[PDB]
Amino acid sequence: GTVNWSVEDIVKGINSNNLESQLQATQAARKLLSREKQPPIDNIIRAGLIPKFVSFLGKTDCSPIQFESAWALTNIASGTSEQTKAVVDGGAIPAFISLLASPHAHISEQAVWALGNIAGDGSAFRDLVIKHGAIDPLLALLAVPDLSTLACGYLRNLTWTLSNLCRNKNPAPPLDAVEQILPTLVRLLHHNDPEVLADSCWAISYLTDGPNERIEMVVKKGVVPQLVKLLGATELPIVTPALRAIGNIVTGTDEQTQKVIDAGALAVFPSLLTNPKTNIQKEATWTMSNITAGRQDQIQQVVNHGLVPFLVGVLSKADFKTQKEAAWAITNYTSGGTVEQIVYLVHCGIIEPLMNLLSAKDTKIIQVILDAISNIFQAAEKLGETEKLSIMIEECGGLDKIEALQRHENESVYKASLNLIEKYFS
């Protein structure tokens, strides 16, 4: 029927003076644009069809052509920035926003989807969608007593589009738009659908990827406990964004980090730091590194939860990127920790894996490790035990690696190496 039309037949139907012929041709275009492989988006654009589709969005009297054109334009907008731009340049934004209030749920949903692609292109189209007034009607679609009465796919599409209104930086979304969206986001974060939860967590992770004021906007809404709970979820698509959001939050102030600790987050890190998914391990170790950069009482919470042995484990064996994050966590720990906490660190076995990582080619991890060693030696000086630590390093082959690093081409590297040798190995 409307299957496998040529673009020229589509054009001929759309240019007819017959609304029903236009509808059939538009459905044919929709079917071309929704096929598995290589939708002919550029051919459709070049045929000049976008303004026709946009005009069809306004035909309240023929809801089927509204739907077909909305779907066609959705899929054009799903392509490259230039293809999305063609949709925007056709005037689609206000027309889709007008369709959000449609009495036909499938049409409103299609408009939600299209606005999600447009806003998802980037900060500029995101903010232009916002300026056209999309947030109010989008949120009105979610103003129901119980989200469970909404169709599952409908709610997932709304959540994803809102997450695109929260996404991207340079600039980040307008502060007032974030404040407007956040309560609905908090509500979606307690919904029981795994995809809604995943995308709500992604939105929160975007909103916390910024300066402390943005983090504070999120933390003030009281979502950290729910984020920790979701951090313990079994579905990896939920754990990943929840953990990203938590890590972002602990890049903030020590009080914000403390809200992560108070919510129980550390109790999850034995599993996270041994998680079989490499990216979970990496992100959890980065999170830890930004917790050990905090206050001594927070370092002490890391100690109490038994997480130093897990950091020793990741330093001993993990993907190299995770090992680099672990080195960072250790240097932060040693820079901020009390003497007793650093002693504890040594008693957990940090020295040998720390030394074994000095044979790595990455310059920055070498610097990080040498810093950590210096800090530990400083604690040993305060205890008068530099000799015992020197013996430790010598027995595991670390002295050979440092003395070798004296010949390292990097400046700060061979400087710190020389200082360690002449100061503690003479």
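Each form is matched to the other, and the largest set of C-alpha atoms that superpose within 1.5 Å is called the rigid core. In this text, residue numbers run from 1 along the sequence as written.
Looking at 368-376 and 36-44, the one farther from the shown form in 9 other deposited structures of this protein by average CA distance, after a rigid core fit, turns out to be 36-44. The mean C-alpha temperature factor is higher for 353-361 when 353-361 and 58-66 are set side by side. When 93-101 is weighed against 332-340, 332-340 comes out higher, by mean CA B-factor as recorded in the entry. Annotation for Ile402: C-alpha temperature factor in the highest third relative to the rest of the modelled chain, per the entry.
Per the deposited record, the Cα B-factor of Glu82 falls in the middle third when ranked against the other modelled residues of its chain. Per the deposited record, the Cα B-factor of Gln24 falls in the middle third when ranked against the other modelled residues of its chain. Among all modelled residues in this chain, the alpha-carbon of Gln256 has a temperature factor (C-alpha) in the middle third. Placement of the Cα temperature factor of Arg187 within the chain: lowest third of the modelled residues, per the deposited record.
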